[PDB]
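Just so you know, the sequences run in chain order AO, AD, AR and AS.
Going by the entry's author numbering, the first sequence opens with residue 1, and the numbers climb by one from there.
Going by the entry's author numbering, the second sequence opens with residue 1, and the numbers climb by one from there.
Going by the entry's author numbering, the third sequence opens with residue 1, and the numbers climb by one from there.
Going by the entry's author numbering, the fourth sequence opens with residue 9, and the numbers climb by one from there.
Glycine included, every Cβ here is placed at the ideal spot set by N, Cα and C.
Just below is one structure, and these are the notes that go with it.
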Amino acid sequence: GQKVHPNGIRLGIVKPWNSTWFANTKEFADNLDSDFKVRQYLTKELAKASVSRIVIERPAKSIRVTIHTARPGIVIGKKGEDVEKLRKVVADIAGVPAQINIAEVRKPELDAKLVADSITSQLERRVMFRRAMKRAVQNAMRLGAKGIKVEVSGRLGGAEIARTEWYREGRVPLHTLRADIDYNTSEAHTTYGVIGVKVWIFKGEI
Amino acid sequence: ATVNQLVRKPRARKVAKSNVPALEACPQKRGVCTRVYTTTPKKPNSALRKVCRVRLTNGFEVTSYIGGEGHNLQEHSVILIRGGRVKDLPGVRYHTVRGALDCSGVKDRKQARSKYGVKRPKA
Amino acid sequence: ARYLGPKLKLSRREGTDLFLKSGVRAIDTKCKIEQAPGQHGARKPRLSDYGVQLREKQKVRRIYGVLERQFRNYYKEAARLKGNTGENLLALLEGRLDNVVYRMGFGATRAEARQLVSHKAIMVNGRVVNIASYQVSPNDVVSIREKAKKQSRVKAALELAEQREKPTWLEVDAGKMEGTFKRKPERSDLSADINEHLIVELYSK
Amino acid sequence: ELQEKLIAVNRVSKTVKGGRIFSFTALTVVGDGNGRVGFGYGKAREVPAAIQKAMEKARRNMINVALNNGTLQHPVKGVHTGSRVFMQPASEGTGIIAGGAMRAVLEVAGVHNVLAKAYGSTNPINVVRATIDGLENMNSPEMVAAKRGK
RNA sequence: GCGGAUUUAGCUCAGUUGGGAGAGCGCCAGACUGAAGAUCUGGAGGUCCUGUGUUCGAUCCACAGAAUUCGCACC
RNA sequence: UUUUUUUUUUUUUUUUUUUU
RNA sequence: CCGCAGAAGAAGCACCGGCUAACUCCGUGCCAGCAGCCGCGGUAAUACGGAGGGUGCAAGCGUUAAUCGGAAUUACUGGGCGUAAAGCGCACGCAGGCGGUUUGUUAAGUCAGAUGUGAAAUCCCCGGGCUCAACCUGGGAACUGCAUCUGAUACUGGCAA
RNA sequence: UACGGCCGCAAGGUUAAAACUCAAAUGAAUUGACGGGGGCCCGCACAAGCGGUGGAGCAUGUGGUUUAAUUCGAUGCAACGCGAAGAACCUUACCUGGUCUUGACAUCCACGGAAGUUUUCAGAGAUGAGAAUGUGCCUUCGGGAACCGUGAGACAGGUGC
């Protein structure tokens with residue numbers, strides 16, 4: 001009956017930031033404003049292998065962009081011509097340069113997010129994804145974790161249908177600010193209305 | 001849960017209570033139009049519905065509903081009788097399939113097909 | 001009166017590799033199973049314990065093309081008969097006239113073969129029995145008549161069945177086109193993928 | 009390769025001081041295809057957790073039913089408070105025409121020729137309890153032949 | 001071949017052969033009230049089945065047509 | 001097994017679809 | 001049956017909840033209305049009432065007058081007495097039901113048989129004649145009882161002890 | 001429970017029939033209704049007691065007077081000084097009148113513009129009619145900036161519970 005972030009409340013304790021930067025008194029507004037826009041652009045570039053962690057550092061307002069994706073080799077490009085492009089279009093909004101750094105998602109099966117991006121991809125096939133939903137969780141759980149609970153709310157049937165389903169492939173200590181746990185999301189549609197999946201990945205105890 | 005109160009109405013929504021007294025033979029019959037009425041103030045403001053009485057030999061007096069469209073259902077006629085006492089009607093315990101004789105019933109209602117017996121329109 | 005089509009609409013619910021149209025291009029690539037054959041509810045349909053036998057009466061009713069008439073009038077005597085539901089019923093629909101001629105290859109589709117047999121192009125030992133519920137019992141014979149015996153459609157069957165599994169339960173000639181059932185069909189090798197007892201248990205519900 | 013099925017459930021959710029309460033239950037059966045059948049109950053805070061706890065209990069030993077070959081040779085009493093109950097074998101060739109209320113407990117072992125529907129009660133719990141507790145009371149061919157020999 | 005009565009506000013019907021109308025029920029409403037009722041108030045509803053002519057003026061009349069209906073001329 | 005500190009308090013309408 | 005001439009000449013109703021079975025776009029305000037057990041409508045009506053499509057099936061489709069279905073109930077053949085309903089405060093004797101159980105005996109009922117009835121269309125099985133489904137049928141059987149007798153003895157009743 | 005009469009001193013006993021009608025429940029076992037129970041308690045519940053609110057006058061919002069005409073929702077424990085902490089420019093209800101329905105605010109292309117300071121007369125405000133004074137930065141003399149335009153197609157919004 002509660003949804004409860006383990007993440008965000010505990011930045012220094014095994015759960016690092018989505019952004020760590022410093023603006024004084026007057027200079028905060030356009031930084032923050034750009035912090036939605038460069039994020040917007042990056043994820044629609046990355047979606048061909050998603051983005052697990054989207055890490056906006058700002059060493060001097062100018063932006064040390066640090067992007068965890070499953071396949072770097074497609075945003076590197078045929079070697080360097082999309083790394084030019086990105087660094088242009090993420091500096092442009094900010095008015096200041098943006099140093100596009102990659103990282104590789106170290107096996108998508110174990111991740112802070114990519115368990116939700118696997119299940120929400122299936123809703124683009126439009127057929128009965130249920131055949132593949134418990135499966136695609138249990139696969140990723142043979143390659144990592146100790147428990148996971150998964151929730152789907154959305155338009156998942158026909159004509160006027162909106163209902164919500166819940167599933168438990170292991171136990172979940174719900175908040176514990178010491179544990180290795182991750183909370184996260186991802187969002188789909190199916191020509192009728194939203195399908196928004198959420199996760200609690202009890203990876204390990206401490 | 002005190003069954004004498006509880007049984008009266010409790011959770012069904014068709015609620016089976018129907019009161020259909022009298023027998024003396026069979027329900028599916030011929031019924032003479034005897035004497036017309038349109039009298040009696042009620043809550044359903046029943047308009048143009050001439051609800052008449054029938055000379056059925058059954059141990060008390062009884063009445064019938066007009067059973068379908070077509071305004072002339074005169075006092076000299078003799079139609080067919082059948083069950084279906086809608087909540088609307090006090091006293092009555094039947095309705096009528098009334099296009100026998102000269103009383104006609106459905107006029108040019110193309111939609112009526114197998115429900116009353118009408119022919120095709122312009123395909 | 002046996003339904004006529006849209007014939008590939010029957011495949012889009014009766015399922016894969018049906019006889020009704022065996023032969024060319026449509027098979028798999030337009031009967032839309034694994035794609036999404038019923039697009040609107042495709043997201044999360046269901047079944048029923050009774051419904052799943054119902055689609056298998058439907059299998060038998062549409063793959064062989066017989067009326068609700070015949071389903072009752074073959075079951076009528078199947079309470080007198082001595083074997084399983086698969087013998088008593090499903091075998092007969094595999095060896096009624098309009099079906100056995102398809103099986104030997106006198107037509108290319110299991111919906112064409114009925115039209116053929118009502119057109120007086122086939123006989124039973126001489127009998128031009130267009131009454132195509134008439135069922136052809138073992139070691140006595142079914143032939144295309146003279147003036148229809150190699151007639152285009154026949155060779156579009158016989159040159160196309162050549163690459164496929166021909167059953168042993170029946171035997172034919174492919175160059176003068178006549179034959180019979182050499183034994184009774186057997187619920188093992190009858191090659192219909194159906195659970196052959198569902199279609200009489202469906203009466204018990 | 010064990011076979012693992014539900015049979016019955018409760019809505020089980022009442023008024024109190026105070027608002028409403030609810031629960032999740034299950035009655036399940038398990039088996040092993042050479043002849044072995046069993047049954048188990050459970051509950052949880054959640055739906056599949058109850059089914060889980062119930063099937064985990066259902067996985068216990070499973071009574072080797074006296075089958076020779078596709079079905080069984082005596083009406084062994086399923087004794088309960090009136091169910092009565094007995095089943096009737098059919099002549100090994102026509103199907104499991106049993107009560108869909110309790111058919112599960114014989115299809116988890118593939119018993120292919122046994123019939124009888126829900127005899128004296130319109131409740132699947134009444135018969136599914138009655139059966140497993142009276143199936144343990146079966147006799148082998150060699151036991152009925154000691155009972156009528158040595 | 002007769003020609004008479006009833007038809008009125010959404011229903012019932014008072015009563016009306018010329019100055020063109022009437023009560024309760026039901027309907028809606030200003031509040032009290034989450035909405036109603038207790039208490040406390042407000043609005044209507046039609047040119048009397050209708051149409052051509054009368055006539056300074058129609059439900060009314062002359063006159064035709066509709067609905068409820070009547071017994072006799074009907075065979 | 002003495003258990004009267006006053007008797008009464010109008011109808012509604014709550015009620016998150018559905019096969020499992 | 002065999003050549004020309006043309007797919008030519010041959011179909012539709014319930015309806016669409018949920019029962020076997022396909023759903024929505026809209027209407028009128030417990031209006032008008034189906035009313036079988038259920039269920040629908042109390043300005044957001046999945047089938048009331050209109051319409052779009054499609055469905056079950058195809059000389060067919062819903063539904064109706066009765067009554068058993070499913071459902072176990074008048075129970076020699078088939079039964080429930082804490083329940084629906086359910087050993088009636090109570091038993092003076094008059095008829096009636098059960099009359100203690102075995103020997104030597106008996107076969108009327110018991111049971112098996114031989115022979116008669118049930119010519120012909122049964123029910124239940126095959127073989128066939130029409131092109132054939134049907135239809136037209138022929139062949140094979142099973143009929144408790146009752147008859148007339150041959151037996152076999154474990155009961156039912158008797159006979160002597 | 002009667003409509004023939006078996007008995008009874010009359011009332012009734014006793015057969016338990018039947019006109020017709022119509023839709024399921026009796027039993028468990030589980031509730032806990034806010035509960036001057038037995039019992040455990042406990043809190044200005046109550047104590048012992050302290051200061052008072054009240055009648056007349058004052059600051060004041062509904063009802064209700066009926067005023068020309070009246071704005072919501074406020075009506076015990078889940079509501080008080082409303083939201084409004086300024087209902088006479090006021091974050092505008094509302095009574096109105098004066099403008100509009102891309103409207104005040106904000107874009108993507110099309111042709112073009114340098115941006116503003118100062119009074120005079122009108123007008124209730126929105127807005128109307130004039131008179132003077134001004135001309136910036138890159139500078140490919142290209143493209144535009146600050147920054148103002150008119151003309152295109154797309155196109156703007158609100159405490160509604």
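Throw me the rounded Cβ distance for the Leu81 (chain AR) and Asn88 (chain AR) pair, which I believe falls under 8 Å.
-> For this step, residue 81 (chain AR) is matched to residue 81 along the third sequence. For this step, residue 88 (chain AR) is matched to residue 88 along the third sequence. Rounded, the Cβ-Cβ distance is 5 Å, consistent with contact.
Is it right to say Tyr183 (chain AO) is buried, meaning 16 or more other beta carbons lie within 10 angstroms of its own, or is it exposed?
-> Your numbering for residue 183 (chain AO) matches position 183 in the first sequence. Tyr183 (chain AO) comes out buried.
Range covered by the beta strand (DSSP E) that runs through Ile56 (chain AO) | Residue mapping note: residue 56 (chain AO) aligns to position 56 of the first sequence, counting from 1. Looking at the DSSP string, the run of the beta strand (DSSP E) that includes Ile56 (chain AO) is 53-60.
Rounded separation between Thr16 (chain AR) and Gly95 (chain AR) - CA only = Translated into the one-based positions of the third sequence, residue 16 (chain AR) becomes position 16. Translated into the one-based positions of the third sequence, residue 95 (chain AR) becomes position 95. Their Cα atoms are separated by approximately 22 Å.
Give a yes or no on whether the C-beta atoms belonging to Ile195 (chain AO) and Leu123 (chain AO) are separated by under 7 Å.
-> The residue labelled residue 195 (chain AO) in the question sits at position 195 within the first sequence. The residue labelled residue 123 (chain AO) in the question sits at position 123 within the first sequence. Contact flag set, yes.
What is the residue span of the alpha helix (DSSP H) that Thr191 (chain AO) lies within?
-> Here residue 191 (chain AO) corresponds to residue number 191 of the first sequence, with the count starting at 1. From DSSP, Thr191 (chain AO) is part of no alpha helix (DSSP H); its letter is neither H nor E.
In whole angstroms, what separates the C-alpha of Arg69 (chain AR) from that of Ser91 (chain AS)?
-> Indexing the third sequence from 1 puts residue 69 (chain AR) at position 69. Indexing the fourth sequence from 1 puts residue 91 (chain AS) at position 83. Straight-line Cα distance between these residues: approximately 40 Å.
Which two residues bound the contiguous beta strand (DSSP E) that contains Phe181 (chain AR)?
-> Within the third sequence, residue 181 (chain AR) is the residue found at index 181, counting from 1. Segment 178-181, the beta strand (DSSP E) holding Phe181 (chain AR).
Any heavy atom of the ligand ZN within a distance shorter than 6 Å of the CB on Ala156 (chain AR)?
-> Although the ligand ZN was asked about, the structure shown includes no ligands whatsoever.
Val127 (chain AO) versus chain AR: which residues are under 7 Å apart at the beta carbon?
-> Working through the first sequence from its first residue, we reach residue 127 (chain AO) at position 127. Here the neighbours are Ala36, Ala42.
Shortest alpha-carbon distance to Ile131 (chain AR) belongs to which of AR:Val117, AR:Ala121, AR:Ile144, AR:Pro138?
-> In the third sequence, the residue the question calls residue 131 (chain AR) occupies position 131. Taking only the C-alpha atoms, the option nearest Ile131 (chain AR) is AR:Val117.
Quick one, which of AO:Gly204, AO:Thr176, AO:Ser118 has its alpha-carbon nearest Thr185 (chain AO)'s?
-> Sequence index remark: in the first sequence, residue 185 (chain AO) carries index 185 (1-based). Selected option, being the one with the closest Cα: AO:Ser118.
Round the Cβ separation of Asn76 (chain AS) and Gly101 (chain AS) to the nearest angstrom and send it over; I've been treating them as touching at under 8 Å.
-> By one-based count along the fourth sequence, residue 76 (chain AS) stands at place 68. By one-based count along the fourth sequence, residue 101 (chain AS) stands at place 93. Not really, about 15 Å apart at Cβ, beyond 8 Å.
Name the residue from AO:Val75, AO:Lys146, AO:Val90 whose alpha carbon lies nearest to the alpha carbon of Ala103 (chain AO).
-> Position 103 of the first sequence, counted from the start, is the residue given in the question as residue 103 (chain AO). The option with the nearest alpha carbon to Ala103 (chain AO) is AO:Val75.
Between the Cα of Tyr37 (chain AD) and the Cα atoms of AD:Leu48, AD:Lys110, AD:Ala16, which residue gives the shortest distance?
-> Mapped onto the second sequence, residue 37 (chain AD) falls at position 37. Residue AD:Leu48 is the option with its Cα nearest to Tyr37 (chain AD).
Determine the DSSP secondary structure at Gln96 (chain AS), reduced to helix, strand or coil.
-> Walking along the fourth sequence from the start, residue 96 (chain AS) turns up at place 88. Correct three-state label for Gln96 (chain AS): strand.
At 8 Å on the CB atoms, spell out the chain AR contacts of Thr190 (chain AO), in chain order.
-> Residue mapping note: residue 190 (chain AO) aligns to position 190 of the first sequence, counting from 1. Within chain AR, the residues near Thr190 (chain AO) are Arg43.
Host beta strand (DSSP E) of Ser153 (chain AO) (start-end) = The residue given as residue 153 (chain AO) occupies position 153 in the first sequence. Residues 149-154.
Chain AR partners of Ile105 (chain AS), CB-CB under 9 Å?
-> Residue mapping note: residue 105 (chain AS) aligns to position 97 of the fourth sequence, counting from 1. Result: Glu201, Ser204.
Measure the C-alpha to C-alpha separation of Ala60 (chain AO) and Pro72 (chain AO) and round it to an integer number of angstroms.
-> Taking the first sequence and counting its residues from 1, one reaches residue 60 (chain AO) at position 60. Taking the first sequence and counting its residues from 1, one reaches residue 72 (chain AO) at position 72. Cα to Cα, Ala60 (chain AO) sits roughly 26 Å from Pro72 (chain AO).
Applying a beta-carbon distance threshold of less than 7 Å, which residues of chain AS neighbour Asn88 (chain AR)?
-> Translated into the one-based positions of the third sequence, residue 88 (chain AR) becomes position 88. Under the 7 Å cutoff, chain AS gives no residues; its nearest Cβ is about 10 Å from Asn88 (chain AR).
Could you give the C-beta distance for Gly83 (chain AD) and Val20 (chain AD), rounded to a whole number, given that I count them as a contact under 8 Å?
-> By one-based count along the second sequence, residue 83 (chain AD) stands at place 83. By one-based count along the second sequence, residue 20 (chain AD) stands at place 20. Yes, they are in contact, since the Cβ atoms of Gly83 (chain AD) and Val20 (chain AD) sit about 7 Å apart, within 8 Å.
Can you find a CB in chain AR that lies within less than 7 Å of the CB of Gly157 (chain AO)?
-> Taking the first residue of the first sequence as position 1, residue 157 (chain AO) is located at position 157. With 7 Å as the cut-off, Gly157 (chain AO) counts as an interface residue toward chain AR.
Report all residues from its chain with a CB closer than 8 Å to the CB of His82 (chain AS); omit the five preceding and five following residues, and keep chain order.
-> Position 74 of the fourth sequence, counted from the start, is the residue given in the question as residue 82 (chain AS). Taken in chain order, the residues that qualify are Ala74, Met146, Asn147, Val152.
Residues in its own chain within less than 7 Å of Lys120 (chain AR) by CB, not counting five upstream and five downstream?
-> Residue numbering aside, residue 120 (chain AR) sits at position 120 when the third sequence is read from its first letter. For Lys120 (chain AR), where only same-chain residues beyond five positions count, the Cβ hits under 7 Å are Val128, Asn130.
Grab the span of the alpha helix (DSSP H) containing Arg153 (chain AR) for me, first residue to last.
-> Taking the first residue of the third sequence as 1, we reach residue 153 (chain AR) at position 153. 153-161 is the extent of the alpha helix (DSSP H) around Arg153 (chain AR).
Name the residue from AS:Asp141, AS:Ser21, AS:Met63 whose alpha carbon lies nearest to the alpha carbon of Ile15 (chain AS).
-> Residue 15 (chain AS) sits at position 7 when you count from the first residue of the fourth sequence. Closest by alpha carbon: AS:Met63.
DSSP state of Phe36 (chain AO), grouped into three classes?
-> If you number the first sequence from 1, residue 36 (chain AO) lands on position 36. It is helical.
Straight-line gap, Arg168 (chain AO) to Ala57 (chain AS) (C-alpha atoms, nearest Å) = Within the first sequence, residue 168 (chain AO) is the residue found at index 168, counting from 1. Within the fourth sequence, residue 57 (chain AS) is the residue found at index 49, counting from 1. Each residue's Cα considered, the two are about 8 Å apart.
Tell me, please, whether the region 121-141 of chain AS touches the region 101-110 of chain AS by the rule of three or more beta-carbon pairs shorter than 8 Å.
-> yes
If I'm right that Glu205 (chain AO) touches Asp180 (chain AO) with Cβ under 8 Å, what's the distance once you round it to whole angstroms?
-> Translated into the one-based positions of the first sequence, residue 205 (chain AO) becomes position 205. Translated into the one-based positions of the first sequence, residue 180 (chain AO) becomes position 180. Their Cβ separation, rounded to whole angstroms, is 7 Å, which keeps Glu205 (chain AO) and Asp180 (chain AO) in contact under 8 Å.
Three-state class that DSSP yields for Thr63 (chain AD) in the structure shown | The residue labelled residue 63 (chain AD) in the question sits at position 63 within the second sequence. DSSP places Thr63 (chain AD) in strand when its eight states are reduced to three.
Within 10 angstroms of its Cβ, does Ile9 (chain AO) collect 16 or more other Cβ (buried), or is it exposed?
-> For the purposes of this step, residue 9 (chain AO) is identified with residue 9 of the first sequence, where counting begins at 1. Answer is exposed; the Cβ neighbour count stays below 16.
Using three-state DSSP, classify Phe32 (chain AS) as helix, strand or coil.
-> By one-based count along the fourth sequence, residue 32 (chain AS) stands at place 24. Three-state DSSP puts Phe32 (chain AS) in a strand.
Taking the C-alpha atoms as reference points, what is the distance between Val106 (chain AD) and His76 (chain AD)?
-> Stepping through the second sequence from its first residue, residue 106 (chain AD) is reached at position 106. Stepping through the second sequence from its first residue, residue 76 (chain AD) is reached at position 76. Cα-Cα distance, rounded: 20 Å.
Reference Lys21 (chain AR); option with closest CA among AR:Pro6, AR:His197, AR:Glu201, AR:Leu92 = Numbered from its first residue, the third sequence carries residue 21 (chain AR) at position 21. When only C-alpha atoms are compared, the closest one is AR:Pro6.
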